[PDB]
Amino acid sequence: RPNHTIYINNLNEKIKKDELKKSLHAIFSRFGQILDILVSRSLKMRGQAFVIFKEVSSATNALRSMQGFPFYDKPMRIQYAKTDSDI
């Protein structure tokens, strides 16, 4: 199951794009290093976030410590990603 990139789900769609990036950046970067965050609010991409880490154990600790967290008054559904980012 474990992977590098973090896939966040069930996020608040009312939140603007830029702020969501910044809100997730500040919250998560206490676990490890971050290269980029990808978020869009297209029909297919709503309530979703992608975090580009370097190591697994940071991302694992990011996942296992806050799964179900009421971020912006909504539970965070946190599970791993599948494909390596094209960067």
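Numbering starts at 1 and runs along the sequence shown. We call the rigid core whatever largest set of C-alpha positions still superposes within 1.5 Å between the two forms.
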When the rigid core is fixed in 5 other deposited structures of this protein, C-alphas move more for 4-12 or 76-84; answer is 76-84
As the entry reports it, the stretch among 61-69 and 5-13 with higher mean C-alpha B factor is 61-69
Once average C-alpha B-factors are taken from the entry for 16-24 and 70-78, the winner is 70-78
Entry-reported C-alpha B-factor of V56 relative to its chain, by third, is highest
